[PDB]
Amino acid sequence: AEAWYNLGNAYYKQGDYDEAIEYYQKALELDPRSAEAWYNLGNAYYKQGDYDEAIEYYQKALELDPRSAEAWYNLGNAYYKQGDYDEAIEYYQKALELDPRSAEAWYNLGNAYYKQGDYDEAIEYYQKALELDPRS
């Protein structure tokens, strides 16, 4: 499974998402417990704009590695990109429980409240992000 996975990765890194998907599927045939292959299959679908499918695969990754702050954050992002800001909030909160020093997750939580039109909550979360990383 690991060799098919790394071939998929090489195709992903050169922007060839169709090929990445084919080789992650082959990895998952050989090892259905690869949280990494489910996650990167999600990412490949995310890059194609296929957020519905990205969410399915991130959920499978999180069944195997529920302590994946990465999968929780990208699951949030897949809802954010669809305009599903209240769903994004739930998954960003889960990412931040696992990694409370993620400036990214605090910032995107603030963005989700901003998009909901809750500016006072956006301010609170942006202030927390900027406390962690004041350079953006």
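Sequential numbering from 1, following the sequence displayed. Take the two forms, superpose them, and find the largest set of C-alpha atoms that agree within 1.5 Å; that set is the rigid core.
Farther on average from this form in 5 other deposited structures of this protein lies stretch 29-37, the comparison being between 29-37 and 70-78 by RMS Cα distance after core superposition. Relative to its counterpart among 75-83 and 95-103, 95-103 has the higher mean temperature factor, C-alpha atoms as listed in the PDB entry. Just going by the entry, 46-54 versus 30-38 on mean CA temperature factor gives the higher value to 30-38. In the PDB entry, a CA B factor belonging to the lowest third of its chain's modelled residues is recorded for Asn111. Sort the modelled residues of the chain by CA B factor and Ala88 lands in the lowest third.
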